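Structure, as structure tokens:
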Ligand code: HAS
Ligand code: HEM
Ligand code: CUA
Ligand SMILES: [Cu+2]
Ligand SMILES: [Xe]
Ligand SMILES: [Xe]
Ligand SMILES: [Xe]
Ligand SMILES: [Xe]
Ligand SMILES: [Xe]
């Protein structure tokens with residue numbers, strides 16, 4: 002029918018989760034530096 | 006001497022069942038220690054209770070050795086050998102060399118038992134990584150070797166099928182499932198060489214007495230050569246089912262054949278040359294080479310990222326076909342009554358926080374935050390113990406009937422759904438618990454319930470680990486109950502044991518041909534993968550083999 | 003339909019792959035950044051430094067625990083640590099702050115981990131090899147060392163100590 006709004010929402014969540022994890026630990030890496 | 010006509014024109018069916026049964030028994034036995042380990046990380050010592058139940062168990066670590074081995078190694082390899090031999094055979098409708106296929110099962114069975122003896126007798130409490138100088142009983146190493154080599158027969162078996170099919174269909178593109186199977190087994194062959202060399206050159210002569218030293222650095226380098234790809238060797242058999250059967254169970258179609266093929270092609274390429282991401286905390290390995298390996302590991306995440314889109318779209322598509330609504334309607338349209346659908350879907354959810362955890366660990370310097378903490382077990386239970394096992398569990402709902410002819414009652418179906426939800430939920434809670442404490446520096450592979458006051462700051466996550474331990478204990482029991490209910494009933498319909506495997510339709514396009522055709526150049530791609538391994542490992546291995554420093558063995562249990 | 007969904011999916015797939023690679027390259031760019039900074043000291047030394055394990059604590063820099071610390075610069079101190087079957091020598095390790103501590107760690111028996119709680123010090127210690135790491139702590143007080151590699155029945159009890167002086 003059209004754009005995978007449902008799929009692009011899913012990979013948006015995935016994208017957001019990766020960042021929270023990566024940036025969150027990237028932070029903690031420097032704080033213990 | 007044959008009681009069921011089924012097993013005489015599809016005798017692979019029988020050989021497949023044996024691989025599956027042996028694999029789920031090992032899963033059960035290994036899984037028993039799980040709950041106790043979970044309570045251990047909830048600061049609760051339930052082991053004197055376990056010791057009273059199982060009187061051969063000597064320590065936490067003997068338990069943990071059995072847990073890793075029987076769940077991560079045995080269950081997973083036997084599931085792979087089942088899936089990645091049977092599914093291609095049925096897609097092609099070709100019989101696999103049955104002489105060799107039974108030989109591979111016996112190898113697995115004799116290898117398991119041989120290695121099981123010293124493990125059960127506390128002569129090989131060295132965990133599933135068996136790092137030197139920790140020195141086990143020879144029969145563990147011999148047992149493991151034979152067990153692993155069984156796969157080399159499997160590789161041959163599939164290659165053979167593939168050659169034969171290429172013969173009957175000249176110039177045709179390798180069908181999907183078979184293609185995955187081929188690049189899977191080829192990948193596994195290239196991967197296995199790191200563990201074989203370790204065994205042949207060091208561990209086997211060492212345990213037998215031939216030599217008295219083994220260099221730990223080169224021992225764990227070769228290990229991790231195989232050490233990482235083996236996780237994909239656990240994963241891809243689930244991926245094959247997720248790509249080619251799940252869409253059907255959902256009520257839709259695989260939206261792309263070439264994407265699937267590209268996903269699997271990349272894995273064959275990047276699965277092996279990435280072991281150093283396990284050795285970031287090792288000395289004697291050049292930091293540049295670690296950054297190199299950290300980049301390739303970021304790349305090996307790509308296949309999974311692709312997979313995430315391809316599968317999501319295929320489940321949105323399926324949902325719409327079921328009468329999908331808006332942005333989230335297709336979700337509710339799916340067959341949530343079907344365990345063969347639910348189980349892998351849930352595994353995929355938890356795979357999201359699992360993958361991100363992986364990418365973090367893969368960021369060279371950021372590993373030092375989490376390395377060897379409770380975070381790592383947190384990471385992989387979302388991966389192996391969730392996605393893989395769940396996919397495995399749910400897949401019994403179509404695979405068990407198809408091999409045996411035994412139908413599944415509505416009751417067993419709903420029993421499954423409970424077991425699946427609980428297993429998932431329980432793995433989720435545990436995940437939170439282990440990640441949390443891992444950030445709070447709680448080590449892994451530790452009997453921390455024996456040192457109560459050692460980690461007071463982990464107060465609240467230790468609750469989660471208790472909870473999960475209870476939750477997953479119940480889920481396990483119900484699994485055993487439900488599994489044995491299905492394996493011990495004499496209800497048999499021989500017609501659904503002759504029913505085809507619910508393979509999904511493949512949406513194909515115009516652009517496909519040219520891309521699919523270049524991907525079918527397997528002989529080329531196999532050499533490419535081979536060269537990458539030489540380039541990534543060669544320079545380091547040669548520097549480590551010129552400066553060997555073997556150290557004597559220790560038994561510390 | 004179906005064929006219309008094919009092209010759109012394959013189109014958004016190509017945009018997803020372009021975005022994903024970009025994001026990874028950003029990660030590659032922030033990891034390279036850390037490598038150029040001071041925090042990169044925790045990366046163990048690349049060059050091999052072999053030692054006999056069977057002869058570590060009876061001859062050479064690890065033999066005498068009162069010798070473990072050594073001033074090697076103006077603001078550089080080399081500590082010769084020994085991670086063994088359920089313990090760390092010296093205990094406790096005493097070092098000043100604002101100083102660059104060059105740990106050189108090895109084992110007489112099996113593989114151990116050297117994880118200084120609250121720092122980026124996380125290194126595997128391998129028998130017949132020296133794990134060389136550099137770290138400057140900024141915070142003064144009680145640093146606990148944990149063995150995060152299974153090394154036997156007393157592994158959960160293998161705790162060490164860094165005494166870093168204000
Ligand atoms: C079978 C399990 C294996 C999975 C696969 C796995 C994946 C990765 N791992 Fe790993 N791993 C590491 C890096 C990765 C990376 C980058 C990935 C990647 O493959 C991850 C890619 C995954 C993604 C990028 C996520 C894709 C998400 C998907 C596909 C789900 C979408 C869901 C949908 C669409 C469903 C929606 C449905 C609806 C209904 C809406 C690193 C670091 O570089 C360490 C070192 C830790 C240390 O220091 O010891 C490590 C340690 C482990 C442990 C420790 C071994 C030991 O004993 O020491 C083993 C068991 C393991 C297993 C596995 N690991 N890993
Ligand atoms: C029955 C549910 C399960 C529970 C409650 C559970 C719990 C645990 C816990 C708490 C640990 C950490 C132990 C430690 O590091 O001290 C652990 C480790 C581990 N688990 Fe599980 N687990 C379960 C199922 C599985 C499954 C299904 C697999 C694989 C298919 C698996 C594979 C592993 C592996 C490989 C380790 C690490 C072994 C090692 O580090 O030596 N587990 N498990
Ligand atoms: Cu030495 Cu844990
Ligand atoms: Cu890995
Ligand atoms: Xe292994
Ligand atoms: Xe082995
Ligand atoms: Xe094994
Ligand atoms: Xe092997
Ligand atoms: Xe592994």
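Chains as they are written, first to last, in PDB author numbering: chain C, 2 to 34; chain A, 6 to 562; chain B, 3 to 168. Beta carbons: idealized from backbone N, C-alpha and C, even for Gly.
Comparing alpha-carbon positions, the option among A:338, A:144, A:95 and A:360 lying closest to residue 212 of chain A turns out to be A:144. In the DSSP assignment, residue 495 of chain A falls outside any beta strand (DSSP E) and carries neither an H nor an E.
Note that the C-beta distance between residue 151 of chain B and residue 126 of chain B is below 9 angstroms. For residue 18 of chain C, no Cβ of chain B is located within less than 9 angstroms of the residue's own Cβ. Within the segment 393-451 of chain A, the complete alpha helix (DSSP H) segments at least 4 residues long are 394-409 and 415-444, listed from N- to C-terminus.
Close CB contacts of residue 369 of chain A within its chain, under the 7 angstroms cut and outside five residues either way in sequence, are with 285, 295, 296 and 299 (chain order).
Short of 8 angstroms from the beta carbon of residue 427 of chain A, and not among the five residues preceding or following it, lie these beta carbons of its own chain, in chain order: 476, 477, 479, 480 and 483. Pairing residue 339 of chain A with residue 411 of chain A, the inter-Cα distance amounts to about 26 angstroms. Secondary structure within the segment 245-306 of chain A: the alpha helix (DSSP H) runs of 4 or more consecutive residues, fully enclosed, are 251-255, 262-275 and 292-304 (chain order).
In chain order, 19, 22 and 23 make up the part of chain C whose C-beta sits under 8 angstroms from the C-beta of residue 364 of chain A. Listed by position along the chain, the residues with Cβ atoms less than 5 angstroms from a non-hydrogen atom of ligand 7 are A:120, A:149 and A:152.
Taking each of A:153, A:276 and A:207 in turn and checking the Cα distance to residue 188 of chain A, the smallest one comes out for A:276.
Between residue 19 of chain C and residue 77 of chain A, the alpha-carbon positions lie close to 26 angstroms from each other. Look at residue 268 of chain A: its beta carbon is at least 8 angstroms from all of the heavy atoms in ligand 9.
Here the alpha carbons of residue 134 of chain B and residue 67 of chain B stand approximately 18 angstroms from one another. When the Cα atoms are used, residue 202 of chain A and residue 496 of chain A turn out to be separated by approximately 48 angstroms. Taking 8 angstroms as the upper bound for CB-CB distance, residue 470 of chain A and residue 43 of chain A are in contact here, some 5 angstroms apart. Not a single CB atom of chain C sits nearer than 9 angstroms to the CB of residue 116 of chain B.
Close partners of residue 11 of chain B in chain C (Cβ separation under 7 angstroms): 5. Residue 85 of chain B sits in a strand when the DSSP states are folded into three classes. Taking 9 angstroms as the CB threshold, residue 391 of chain A stays off the interface with chain C.
Not one heavy atom of ligand 6 is found less than 8 angstroms from the C-beta of residue 38 of chain A. In the DSSP assignment, residue 146 of chain B forms a beta bridge with B:163. Take the alpha-carbon of residue 94 of chain B and the one of residue 165 of chain B: they are about 6 angstroms apart. Residue 513 of chain A has no beta-bridge partner at all, per DSSP.
Placement of the Cβ of residue 232 of chain A at a distance of less than 8 angstroms from at least one heavy atom of ligand 4 is found.
Assignment of beta-bridge partners to residue 78 of chain B by DSSP yields B:102.
Annotation: Cβ neighbours of residue 9 of chain C in chain B (cutoff 9 angstroms, chain order): 14 and 18. With respect to chain A, the C-beta atom of residue 40 of chain B has no partner C-beta closer than 9 angstroms. Look at residue 319 of chain A here: in three-state DSSP terms it is helix. When Cβ-Cβ separations below 9 angstroms define contact, residue 101 of chain B makes no contact with chain C. With contacts defined by Cβ atoms closer than 9 angstroms, residue 51 of chain B and residue 79 of chain B do not form a contacting pair. Between the segment 72-86 of chain A and the segment 519-526 of chain A, the count of Cβ pairs shorter than 8 angstroms is below three; the stretches do not touch. Judged by their CB atoms, residue 316 of chain A and residue 271 of chain A are not nearer to each other than the 9 angstroms cut-off.
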